[PDB]
Each structure stands twice: as C-alpha cells, then as structure tokens.
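Inspection log for the structure reproduced underneath, given as structure tokens.
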Amino acid sequence: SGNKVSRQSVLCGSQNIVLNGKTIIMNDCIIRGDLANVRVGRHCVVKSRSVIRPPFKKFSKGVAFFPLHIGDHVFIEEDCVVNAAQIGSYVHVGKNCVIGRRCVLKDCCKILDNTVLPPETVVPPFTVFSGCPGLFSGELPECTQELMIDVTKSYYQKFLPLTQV
Amino acid sequence: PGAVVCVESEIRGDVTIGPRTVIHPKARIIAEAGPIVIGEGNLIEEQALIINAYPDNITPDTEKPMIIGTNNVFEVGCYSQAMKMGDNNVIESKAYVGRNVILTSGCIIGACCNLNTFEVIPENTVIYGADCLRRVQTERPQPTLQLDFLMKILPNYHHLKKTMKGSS
Amino acid sequence: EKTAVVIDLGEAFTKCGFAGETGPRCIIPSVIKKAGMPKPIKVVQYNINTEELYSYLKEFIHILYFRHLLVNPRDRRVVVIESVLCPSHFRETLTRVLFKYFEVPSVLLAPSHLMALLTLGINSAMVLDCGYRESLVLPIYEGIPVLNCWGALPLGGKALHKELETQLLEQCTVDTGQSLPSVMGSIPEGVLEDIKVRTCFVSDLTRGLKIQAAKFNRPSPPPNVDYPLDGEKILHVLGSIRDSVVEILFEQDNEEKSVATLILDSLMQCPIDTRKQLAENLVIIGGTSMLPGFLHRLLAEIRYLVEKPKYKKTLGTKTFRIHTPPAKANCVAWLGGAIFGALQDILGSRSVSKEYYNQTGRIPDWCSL
Ligand SMILES: Nc1ncnc2c1ncn2[C@@H]1O[C@H](COP(=O)(O)OP(=O)(O)O)[C@@H](O)[C@H]1O
C-alpha cells in the first residue's frame with residue numbers, strides 16, 4: 001500500500017519479489033526476480049536506473065548463492081547495480097555502485113559513489129567503503145548517518161505521494 | 001532458432017546469433033551500420049549496449065561487422081561498440097569496449113574497465129578493473145586453465161539460462 | 001616486556017614496524033590521501049610553515065599507527081630513524097608531534113648509517129645510502145661516524161625521475177584513442193616509479209663507456225618493450241632511453257662527481273690508519289641500490305676510478321669488498337634500528353624521554369654546547 005512503485009519501473013517475478021512498507025521504487029528501475037527472490041526492507045529508497053538482479057538460480061548441487069536482500073532504511077542511490085548483496089539495515093549505497101557475489105554489507109555502512117564491492121566481501125559495521133578495489137576508508141559516525149537516513153526517508157515520502165502513476 | 005531472445009530485449013538491423021545464445025532483458029542490439037555476428041553459447045546480460053561503427057570508406061576504412069566469439073560471457077551493463085572478440089572472453093559488468101579492438105581468446109575484462117580503441121588485447125590476460133591496459137594478473141587466465149574455466153562458466157551460464165527459461 | 005616502535009621516515013617511502021621482528025610489518029608510501037584534493041601531498045618536506053608541517057606529521061602518524069602497529073605507542077618506546085643531515089627544523093617538528101600531541105614515553109633521533117652498520121655486525125665500515133632526494137656517504141670507524149669525511153650529490157631517485165621525464169618528452173610514441181608525440185606535458189610520479197622498477201636495465205662498465213662515447217661522437221641499443229597506461233593510451237618506450245637515464249648517475253665529466261667518485265672523496269678525507277678498514281667494508285644501502293645489476297656497475301666504476309692517476313697517489317692498491325646485509329638494500333637502515341631498540345632496554349636510557357623534553361626544550365642535535 002505505502003510502497004510507491006513507479007510506472008516506468010519494472011518488477012519481474014512478483015511472487016519472488018518483495019517490497020516492505022513505506023518503500024520507494026524510482027523510475028526506470030529493474031527488480032528482476034525471475035530466477036530468485038528479492039527482499040526489500042521497510043522505508044528503503046531504490047533510486048532511478050537501479051538494476052536489482054537476482055544473484056543465482058539457487059539450483060546448484062553444492063554452494064548455491066544467496067538470491068537477494070535489503071535491510072530497513074536502505075538508501076540505494078541512482079544507477080546502482082545491486083546484485084547478490086545482503087544489505088544490512090541503514091546501508092547507504094553510493095551512486096553508480098556495484099555489489100558482488102555473496103557480499104555481506106553490515107549495519108550502518110556507507111558505500112562510496114562509483115564503488116565496486118567484490119564477491120564474498122564482508123564489509124564491517126560503521127565503516128566507509130572506499131577505493132577502486134574494495135577497502136576500509138575510515139570509521140563513520142552513528143549520529144550523522146542516522147540523521148541523513150531520516151531526512152532521505154522524509155523526502156522520498158513526499159515524492160511517493162504525488163506525480164507517479 | 002535455438003537462442004533465448006527475451007521479449008523486453010531490442011534488436012535492430014542484421015544480426016545473426018549462434019546456437020544456445022542468451023539475450024537478457026532490456027539488452028540493446030543495434031546493428032544498423034553493419035551485420036552483427038554473435039558466437040555460439042554467447043550470453044548477453046541485461047542493460048547491454050551492442051553498437052557498431054560506420055564502415056566502408058575507400059581510404060583507411062573505419063570498421064567492419066563486430067564478430068563476437070563463442071562462449072563469450074558479456075556481463076550486465078556492458079558496452080561493446082565495434083570490438084572484435086575471441087572465444088571464451090569474460091567481459092565484466094559496466095565495461096566499455098573501444099571503437100576498434102582485437103580481444104584474444106581466454107580473456108577476462110575487469111569491472112568498470114575502458115577497453116582500448118585501436119588496441120589488440122593479447123591471448124590469455126585478465127584486465128584489472130580500474131586503470132586501462134594493466135599487464136599484471138595473466139597466469140591464472142592462461143590458455144589451458146582459462147579454457148577449462150570458460151567451459152565451466154559456459155556450463156553455469158547455460159544451466160542458469162535453462163533454469164530461467166524453465167521459470168519463464 | 002615491551003617491544004618498541006621503529007620508524008624510518010623519507011620523501012618516497014617509509015619503513016615502519018616493531019622492534020625485534022626480522023623486517024618491518026608494512027611500508028606505506030610517504031604521501032597522504034586527503035578528501036577534496038586533486039593530487040596526494042608528500043608528508044616529508046623542508047622549508048615550509050611550522051604549523052602546517054605539524055598538522056601534516058599528525059595526519060601521517062595517525063594513519064600509520066592504526067594500520068601498521070595496531071596499538072597506542074603510549075605504552076612503549078619509539079625509534080625515529082632520521083637520516084643524518086635531515087634538517088633540525090624538521091627534527092624539532094617531529095619532536096613536538098611525538099611529545100605534545102601523542103605524548104609518547106620516549107623517542108630517539110639516531111642516524112641511519114650507524115644502524116645500517118649494526119645489521120652487518122662490524123664496528124668499522126664505509127657506508128653509502130642512495131635514497132630518493134640525495135645519495136649520502138658517511139664512513140664509520142669503530143662505532144663513531146667520521147663526520148667531516150662525507151659527500152652527498154643531488155643524484156638519487158628524484159634525479160632519475162627528472163631524467164626519465166626529460167627523455168620520454170623528447171622521444172615520445174603514444175597510441176591513439178599512431179604518432180602524436182608530446183600530447184601530455186607531464187606524467188604522474190607513481191607511474192614513473194613503476195617504470196623504473198620494471199623497465200630500467202642497468203648497464204655494465206664497458207657498455208656505459210660505449211654509451212658515453214656515442215653521446216659525444218649507438219652500440220648495444222636493445223632491448224626495448226612498451227609500457228601499458230590507463231585511459232587507452234599505451235606508449236612505446238624505447239630501450240636506449242632507459243639505459244641513458246641510468247647512465248647519468250655514473251656520469252663523471254665536467255662535474256668531477258658521481259655515485260662512485262663520492263666514495264673515493266669520502267675515503268680521501270679520512271685519515272691514514274682508518275683508510276684500509278673502510279675500503280675493505282664498503283656497505284651499499286638505500287632505494288636506488290635495489291635496481292637490477294647495480295652493485296657490479298658501482299664496484300667496476302669504483303675500481304676504474306682507482307686506476308686513474310689522480311687517485312693512485314693516495315689510494316693505490318685496495319681490496320674493495322662489498323659485504324652485503326641480511327635484509328634487502330632499501331630496508332637495512334630500518335633493521336638496524338629494530339636491532340638497537342628490541343634487544344637493549346639499557347640503550348633506551350641514553351635516548352631522550354618525555355620528562356627531559358618538557359623542562360629542557362629539545363632533543364640535542366650534533367651542534368655546539
Ligand atoms: N624494489 C625496488 N626496486 C627498484 N627501485 C626501488 C625499489 N623500491 C624503491 N625503489 C626506488 O628507490 C627510491 C626510494 O628511496 P628511499 O630509500 O625511500 O629514500 P628515502 O628513505 O631517503 O626516502 C624510489 O625513488 C624508488 O624508485
């Protein structure tokens with residue numbers, strides 16, 4: 001009900017796909033859950049041109065990859081190729097980002113713009129991601145990240161209300 | 001026939017795809033300039049932009065039809081605007097092929113990698129994602145081992161595409 | 001009880017780790033990464049504002065001890081391996097940052113050549129440290145460094161970088177994105193370091209003389225290989241160029257000076273009884289000495305200079321042996337400081353403490369009073 005899905009956005013595999021309350025799918029989004037399921041958290045803002053593709057078929061005899069996930073208050077930036085990443089709640093994904101195979105994003109993370117998280121890259125909680133090759137830039141503040149996520153959730157709710165159908 | 005062409009995917013001009021080819025959703029295959037040629041078992045992922053270079057000038061002709069090799073794993077969001085490719089070449093996501101190229105067999109392009117215009121990539125050499133033309137890391141991508149790895153990658157791609165085709 | 005910290009600062013690189021461990025834990029370059037900055041700024045600089053340097057040193061030390069050491073240096077001692085003739089202004093700034101900001105228990109500003117001598121385990125040696133900025137000579141005899149016998153030409157890493165930048169700009173061959181020479185005016189330092197490590201082949205004495213003869217009125221030009229570069233602009237670098245860049249390090253004429261001649265000038269200044277032991281124990285350390293096929297070209301050039309009439313009348317027949325160290329050529333100075341700090345809790349007492357710094361004023365540099 002509360003989830004504002006855009007008209008230009010596409011959600012392939014509706015049974016596999018999953019959208020929590022107060023969600024926001026921007027225009028030209030692609031939540032392709034044909035092969036596997038895609039779980040979106042509450043108050044999660046998926047920005048425009050975001051390719052939400054399923055990680056694996058989940059039909060492998062041994063060591064099948066985890067399909068998709070997204071914690072609450074997840075600020076997914078525009079043009080972000082989210083694939084096979086278990087995003088912890090309050091994860092701030094950067095613009096033009098790229099998630100790897102079975103990448104574990106921790107709580108209160110801050111992915112930089114134009115980043116590339118590699119396969120099986122376990123990011124630590126309260127830490128800014130940086131570099132061309134994934135690495136720890138520095139420890140992030142708890143109060144500043146929570147305030148920015150609250151402001152982003154309020155702004156997305158206003159755009160969710162009007163001008164989309 | 002015998003190629004998984006998606007409904008959302010777009011094709012234009014002459015385009016002869018090989019056997020067991022997989023065209024993913026929202027994939028552009030603009031072959032208006034010249035007749036496109038996709039190899040057998042070549043997987044084109046979603047949001048991919050297959051372009052061609054306008055060709056046939058008498059003195060120093062610019063290009064010819066972009067011939068993709070067999071078992072070529074083109075990742076999602078990959079640009080391939082007029083680049084000659086070899087068999088068993090794994091182009092990563094968000095990549096960009098040059099205006100003219102010669103990608104040899106057993107390749108492995110990195111993510112967010114700008115492949116060179118008028119540059120022939122050597123046989124058996126994995127490209128680092130960021131700064132172009134990185135010579136390092138070409139041992140594990142050697143002719144013998146890379147052929148076995150690409151055969152395993154082609155099997156996983158065919159198995160995943162078969163599961164996707166079964167789901168519909 | 002307490003393993004002390006070891007630091008070895010410099011303009012290009014910085015060796016750092018724990019005292020006692022055979023070789024350092026890590027070696028991050030001297031530059032720092034700042035938010036909202038086009039290029040990375042070097043930490044170790046001279047002749048520049050005091051408060052700015054203080055902030056630059058704090059910024060480098062902060063990024064260091066978390067990544068390198070994984071500990072607070074407030075528990076245990078530190079060994080700051082300053083190269084001798086490192087400006088007193090820069091030492092005072094280091095002393096301020098270590099005591100005022102961080103509040104360490106103790107510090108030490110000991111020389112690099114004496115510690116590099118502690119690695120060999122001999123009391124007398126002629127030493128040469130070819131770093132980034134300068135190529136410093138300093139003979140040690142029976143522990144004490146003989147100070148007035150010395151030499152340091154501006155002919156280290158930075159001189160080789162400048163020559164590479166000059167010669168590549170004169171003869172350039174970049175691919176399209178073929179021709180098009182001298183498109184880009186300059187090139188970055190990190191790339192130019194990687195070119196020196198990989199491409200630059202050091203020539204022999206006979207090859208070097210043939211190159212010098214060719215420059216002033218061509219033999220053995222090969223081999224040549226291209227170097228890959230970012231943004232789809234591969235440049236076809238030549239084989240005669242990189243050999244010519246290496247040759248200027250050993251160029252005698254019109255200065256009467258080179259890396260080889262600097263040892264002979266240092267030996268000339270030394271007294272007669274000291275002379276023979278320094279000649280027997282000729283140690284080579286530093287960054288430039290890591291280049292492939294360097295120690296022959298030096299030893300052969302040294303011998304050729306001794307054969308010349310001007311050095312026969314003083315030096316004459318001498319057994320020039322190059323006793324090499326346990327660790328690599330760049331990381332000899334650090335290993336000596338690690339030996340000095342780890343073993344002796346006694347020799348930690350001679351160094352300056354926090355209690356002594358506050359009341360007095362400064363660590364004593366080799367000066368008056
Ligand atoms: N493994 C190596 N092979 C060849 N050259 C090297 C190597 N490591 C460092 N260098 C060169 O040596 C220089 C480093 O000098 P360094 O010993 O750090 O001087 P300082 O300690 O005075 O800063 C650099 O300019 C670099 O080009």
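By order in the structure tokens, chains are A, B, ...; within a chain, residues start at 1; ligands start at 1, following the order shown.
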Determine, counting only C-alpha atoms, which protein, DNA and RNA residues have an atom within 10 Å of an atom of segment 81-94 of chain C; residues of the same chain fewer than 2 positions away are not included. Present the result as a PyMOL selection string.
chain C and resi 6-10+15-16+44-48+50-51+53-55+57-58+78-79+96-99+107-115+129+131+136+138+147+333-334+336-338+361-366
Which residues are near ligand 1 - at most 9 Å, using only C-alpha atoms and all ligand atoms? Format: as an MDAnalysis selection string.
chainID C and resid 8:15 29:30 44 83 129:135 156:158 160:161 190 192:198 200 285:292 328:331 333
Give me the residues of chain B that have any atom at most 8 Å from an atom of chain A; for each, the nearest atom pair and the distance in Å, rounded to one decimal. Use only C-alpha atoms, sort by chain and number, and format it as a tab-separated table.
```
residue	atom	partner	partner_atom	distance
B:111	CA	A:116	CA	7.7
B:129	CA	A:132	CA	7.8
B:130	CA	A:132	CA	6.4
B:160	CA	A:57	CA	5.8
B:163	CA	A:57	CA	6.7
B:164	CA	A:35	CA	5.6
B:167	CA	A:34	CA	7.0
B:168	CA	A:34	CA	7.4
```
For residue 177 of chain C, work out the shell of residues within 7 Å, counting only C-alpha atoms and skipping chain neighbours fewer than 2 positions away, then give it as an MDAnalysis selection string.
(chainID B and resid 116:117) or (chainID C and resid 175 232:233)
For the residues in the current selection, export N, CA, C and O atoms as an mmCIF file, in the first residue's frame.
```cif
data_model
loop_
_atom_site.group_PDB
_atom_site.id
_atom_site.type_symbol
_atom_site.label_atom_id
_atom_site.label_comp_id
_atom_site.auth_asym_id
_atom_site.auth_seq_id
_atom_site.Cartn_x
_atom_site.Cartn_y
_atom_site.Cartn_z
ATOM 1 N N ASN B 116 40.486 -0.546 -24.983
ATOM 2 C CA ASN B 116 41.119 0.456 -25.846
ATOM 3 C C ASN B 116 40.670 0.485 -27.304
ATOM 4 O O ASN B 116 40.436 -0.558 -27.919
ATOM 5 N N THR B 117 40.557 1.704 -27.840
ATOM 6 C CA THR B 117 40.296 1.932 -29.258
ATOM 7 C C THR B 117 41.604 1.771 -30.027
ATOM 8 O O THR B 117 42.606 2.407 -29.687
ATOM 9 N N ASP C 175 50.012 5.753 -28.364
ATOM 10 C CA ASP C 175 48.961 5.186 -29.223
ATOM 11 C C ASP C 175 47.718 6.079 -29.261
ATOM 12 O O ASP C 175 47.536 6.950 -28.406
ATOM 13 N N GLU C 232 43.487 4.082 -22.220
ATOM 14 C CA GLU C 232 43.658 3.572 -23.588
ATOM 15 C C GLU C 232 44.751 4.324 -24.371
ATOM 16 O O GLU C 232 44.587 4.620 -25.559
ATOM 17 N N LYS C 233 45.865 4.614 -23.691
ATOM 18 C CA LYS C 233 46.986 5.371 -24.264
ATOM 19 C C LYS C 233 48.319 4.687 -23.942
ATOM 20 O O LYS C 233 49.112 5.186 -23.137
#
```
Can you check which parts of chain A lie within 12 Å of chain C? Per residue, the shortest pair of atoms and distance in Å to one decimal, counting only C-alpha atoms, sorted by chain and number, as CSV.
```
residue,atom,partner,partner_atom,distance
A:130,CA,C:35,CA,11.6
A:131,CA,C:33,CA,11.2
A:136,CA,C:67,CA,10.6
A:137,CA,C:33,CA,10.1
A:138,CA,C:63,CA,9.9
A:139,CA,C:66,CA,11.9
```
Residue neighbourhood residue 67 of chain B, 8 Å, only C-alpha atoms, exclusion window fewer than 4 positions, as a ChimeraX atom specification
/B:36-39,83-85
Grab the residues selected above and save them as a PDB file, in the first residue's frame with N, CA, C and O atoms.
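Final output, saved to out02.pdb:
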```pdb
ATOM      1  N   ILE B  36      25.681  -7.676 -37.505  1.00  0.00           N
ATOM      2  CA  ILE B  36      26.234  -8.195 -36.251  1.00  0.00           C
ATOM      3  C   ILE B  36      26.347  -9.720 -36.275  1.00  0.00           C
ATOM      4  O   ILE B  36      25.539 -10.397 -36.916  1.00  0.00           O
ATOM      5  N   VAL B  37      27.352 -10.241 -35.571  1.00  0.00           N
ATOM      6  CA  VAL B  37      27.633 -11.679 -35.524  1.00  0.00           C
ATOM      7  C   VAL B  37      27.961 -12.127 -34.099  1.00  0.00           C
ATOM      8  O   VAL B  37      29.028 -11.801 -33.572  1.00  0.00           O
ATOM      9  N   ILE B  38      27.034 -12.867 -33.487  1.00  0.00           N
ATOM     10  CA  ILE B  38      27.209 -13.416 -32.141  1.00  0.00           C
ATOM     11  C   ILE B  38      27.595 -14.892 -32.218  1.00  0.00           C
ATOM     12  O   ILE B  38      27.011 -15.650 -32.996  1.00  0.00           O
ATOM     13  N   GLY B  39      28.575 -15.292 -31.407  1.00  0.00           N
ATOM     14  CA  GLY B  39      29.051 -16.677 -31.374  1.00  0.00           C
ATOM     15  C   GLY B  39      28.104 -17.619 -30.652  1.00  0.00           C
ATOM     16  O   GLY B  39      27.159 -17.182 -29.988  1.00  0.00           O
ATOM     17  N   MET B  83      33.939  -3.996 -31.538  1.00  0.00           N
ATOM     18  CA  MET B  83      35.147  -4.617 -30.989  1.00  0.00           C
ATOM     19  C   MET B  83      35.203  -6.098 -31.358  1.00  0.00           C
ATOM     20  O   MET B  83      34.293  -6.859 -31.018  1.00  0.00           O
ATOM     21  N   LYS B  84      36.268  -6.497 -32.056  1.00  0.00           N
ATOM     22  CA  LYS B  84      36.476  -7.896 -32.437  1.00  0.00           C
ATOM     23  C   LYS B  84      36.869  -8.716 -31.210  1.00  0.00           C
ATOM     24  O   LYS B  84      37.844  -8.384 -30.531  1.00  0.00           O
ATOM     25  N   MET B  85      36.109  -9.777 -30.937  1.00  0.00           N
ATOM     26  CA  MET B  85      36.278 -10.593 -29.730  1.00  0.00           C
ATOM     27  C   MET B  85      36.593 -12.047 -30.073  1.00  0.00           C
ATOM     28  O   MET B  85      36.146 -12.564 -31.101  1.00  0.00           O
TER      29      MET B  85
END
```
Any idea which chain C residues end up within 7 Å of chain B if we count only C-alpha atoms, as a compact mmCIF listing (two decimals) with N, CA, C and O atoms, in the first residue's frame please?
```txt
# COMPACT_ATOMS: atom_id res chain seq x y z
N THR C 176 46.87 5.84 -30.26
CA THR C 176 45.64 6.62 -30.46
C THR C 176 44.54 6.21 -29.47
O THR C 176 44.64 5.17 -28.81
N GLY C 177 43.50 7.04 -29.39
CA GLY C 177 42.35 6.78 -28.51
C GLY C 177 41.14 7.62 -28.87
O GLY C 177 40.62 7.53 -29.98
N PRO C 228 52.29 -0.38 -20.67
CA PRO C 228 50.86 -0.05 -20.65
C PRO C 228 50.48 1.11 -19.73
O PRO C 228 51.14 1.32 -18.70
N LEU C 229 49.43 1.85 -20.08
CA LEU C 229 48.97 3.01 -19.31
C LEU C 229 47.45 3.18 -19.42
O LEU C 229 46.83 2.74 -20.39
N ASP C 230 46.87 3.83 -18.41
CA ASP C 230 45.40 3.99 -18.30
C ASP C 230 44.79 4.95 -19.32
O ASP C 230 45.48 5.79 -19.91
N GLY C 231 43.48 4.81 -19.52
CA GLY C 231 42.75 5.62 -20.48
C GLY C 231 43.04 5.31 -21.94
O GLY C 231 42.84 6.17 -22.80
N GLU C 232 43.49 4.08 -22.22
CA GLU C 232 43.66 3.57 -23.59
C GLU C 232 44.75 4.32 -24.37
O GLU C 232 44.59 4.62 -25.56
```
Those of segment 75-281 of chain C in DSSP strand (DSSP E or B), formatted as a list in words
residues 78, 79, 80, 81, 106, 109, 110, 125, 126, 127, 128, 129, 130, 135, 136, 137, 138, 139, 140, 141, 144, 145, 151, 152, 153, 174, 227 and 235 of chain C
Between atom CA of residue 218 of chain C and atom CA of residue 169 of chain C, what is the distance, to one decimal in Å?
20.0 Å
Please provide the set of residues having any atom within 12 Å of residue 273 of chain C, restricted to only C-alpha atoms, with same-chain residues fewer than 6 positions apart removed, written as an NGL selection string.
:C and (124 or 141-142 or 267 or 279)
Need to verify the contact set: segment 61-65 of chain B, 8 Å, only C-alpha atoms, exclusion of same-chain residues closer than 4 positions in sequence. Can you return it as a ChimeraX atom specification?
/B:34-37,52-57,82,100
Under the rule that only C-alpha atoms are counted, which of B:27, B:108, B:151, B:78 is the nearest residue to residue 41 of chain B?
B:151
